[PDB]
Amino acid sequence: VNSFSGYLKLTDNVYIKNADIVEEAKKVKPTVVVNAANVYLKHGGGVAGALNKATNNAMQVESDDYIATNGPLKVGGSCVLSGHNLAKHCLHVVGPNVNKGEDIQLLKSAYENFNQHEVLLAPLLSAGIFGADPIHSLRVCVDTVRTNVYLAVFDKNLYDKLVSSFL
């Protein structure tokens, strides 16, 4: 039993809700919140900009030190950093950004990072400003993640379409 509330169960291990991931994280304080990161950990907009703003830019400060030490992530890769005031940890995961021409096949590799964590609060990878089809992202999530994932979908219209079209 966990404290995630109001989710629709899609499969044995995948759950979904129409919610703002920032407000969800502040309420639940999950062990892991997933960020929709880019390889530079530049948290300018989308989910990343919102999560970072909620940390009063502390996420960006920590991320800049991470990059200065380690260099950029790989598309499809991840790193674990602090969750600041939102969660114990933040798993920064880089899905492919279609608006940069990146290979959508890397979406499966991106979701594989979730399997290193027993329970996660997460957005749909490569959705929103990353330009991929969110219906496809949900399909890849369900077919790749085996650990317990709680998906927050900001857009109510999109949430209803994701549920209604889910096979």
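All residue numbers refer to positions in the sequence shown, first residue = 1.
- Across the two stretches, 153 to 161 and 10 to 18, the PDB entry reports the greater mean Cα temperature factor for 153 to 161.
- Per-stretch averaging of Cα B factors for 101 to 109 and 64 to 72 places 101 to 109 on top.
- Per the deposited record, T31 carries the highest C-alpha B-factor of all listed residues (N52, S126, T31, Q116).
- The entry lists a Cα temperature factor for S78 that places it in the lowest third of the chain's modelled residues.
- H92: CA B factor in the lowest third of modelled residues in this chain (values from the PDB entry).
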